[PDB]
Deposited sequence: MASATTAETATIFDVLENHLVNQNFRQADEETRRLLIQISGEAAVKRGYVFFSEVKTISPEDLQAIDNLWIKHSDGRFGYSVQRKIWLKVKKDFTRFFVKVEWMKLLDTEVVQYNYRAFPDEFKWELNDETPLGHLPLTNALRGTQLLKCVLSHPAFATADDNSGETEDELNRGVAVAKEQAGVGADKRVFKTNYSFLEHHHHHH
């Protein structure tokens, strides 16, 4: 058995909301016992995450989204936008540019869904955590 089995089941069933939540817990889990205990990840622990765990999560999101979801896709959009997180959030449609945020996040995968729309990372706590995930060696090309 692997620790990604529940995430996989959610992804197979196209249950992207539950998959997003399981990805939030998985990120904490693969970051160490200290992160699990306090319930969130210090951005300084992301470099200690093994690339095999991060690639497991990313490959699952890629496989079950036709390559339109995952951290790898988000890194490419992020580079394409000069690593400007503000422009990144607009491009993946987590905010606009007045209604900054929608009433409800759209969790479905259809034709209008932009690349990298998922997984969602809580950038209200600070962009540095997202910055360390996208620039992890796991996602070097």
property	result
Unmodelled intervals of the deposited chain, in order	1-9, 107-115, 160-205
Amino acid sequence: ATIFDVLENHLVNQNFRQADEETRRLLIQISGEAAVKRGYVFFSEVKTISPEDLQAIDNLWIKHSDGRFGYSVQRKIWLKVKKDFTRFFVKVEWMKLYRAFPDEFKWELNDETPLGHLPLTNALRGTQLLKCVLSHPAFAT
From here on, numbers count along this sequence of modelled residues.
property: Average Cα temperature factor in the PDB entry - higher stretch of 71-79, 110-118; result: 110-118
property: Mean C-alpha temperature factor, higher of 98-106 and 51-59; result: 98-106
property: CA B-factor ranking of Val6, expressed as a third of its chain; result: lowest
property: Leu134, C-alpha B-factor rank within chain (lowest, middle or highest third); result: lowest
property: Among modelled residues of the same chain, the CA temperature factor third for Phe43; result: highest
property: Where the record places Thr86 (Cα B-factor, split into thirds across the chain); result: highest
property: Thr127 - which third its CA temperature factor falls in, relative to the rest of the chain; result: middle
